[PDB]
């Protein structure tokens, strides 16, 4: 089997991407944030504290003839950005772009933190990291991909995120028309439950490539590119007027600037992030100071190849016995 679904930016800045997901019988379609950095499929629901729902579409398990309460199961997750959610668990039928999994754990939110409430466009998350990170207790549950894997034509999914445009998540096949050149595969460590890999270096603009190992995770659920302070300083030094602002919480730059590209290495291959991808617009409405899309990972504990990096590539998440990651230009 295979599946293919379009993923769409939630706003003009590509702050996140949403993908429609069918849950239950008859289908209830929710728009979920596919997140290769976490492993829970959770949704706003009829059980979510009323004051914490503001415009989201909800899953109502009582209206699904295939929903079954998973007895005694609860979940609770805290994300790297400080947001969180928790609740109980159903199993139900879940379909993505024509690919169907029966008995998928659907984690129904009873509580969500303010950032989720305040974002009306995201109805929940679909985690695509390794199932070892799943938070369901006392019996850990499998991700949608893990459940689907055996049925897939090939045990892979691909992320093809657009810049200010829709893109695609495919399951079970590689669309050879979706990228240019070849896909370069690179080793993955699953020790932390992430798609963790090691970039071979970077360049800023037309500058010379610096060969250096940068360990980080491929994370579709993180907006920006978080890299070591040395690398980030080298990038912003090429932008007149750019500065790290403690009050704003990262590097900012004059909105009148033209940003240089940023290149990262995948083996001997190179992925070029155009400068425009690194512009996240005014820090506050009407300001002429803009927020940078490349930020320091220093206070995170891990480097994160988030959407800023991933949307410059066609990315293969290879879930073979020994997982690997593939990157192609596009």
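Numbering follows the first chain given and starts at 1.
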| item | value |
| --- | --- |
| Mean C-alpha temperature factor, higher of 113-121 and 256-264 | 113-121 |
| Residue range whose averaged C-alpha B-factor is higher in the record, 81-89 or 156-164 | 81-89 |
| Options 238, 247, 230, 170 - largest CA temperature factor per the record | 247 |
| Selection from 193, 221, 216, 201 [criterion: highest C-alpha temperature factor in the record] | 193 |
| Third of the chain's Cα B-factor distribution that residue 302 belongs to, per the entry | highest |
| Residue 294 CA temperature factor, ranked by third within the chain | lowest |
| Chain-wide C-alpha B factor ranking for residue 108, given as lowest, middle or highest third | middle |
| Third of the chain's Cα B-factor distribution that residue 95 belongs to, per the entry | lowest |
| Entry-reported Cα temperature factor of residue 20, expressed as the chain third it lands in | lowest |
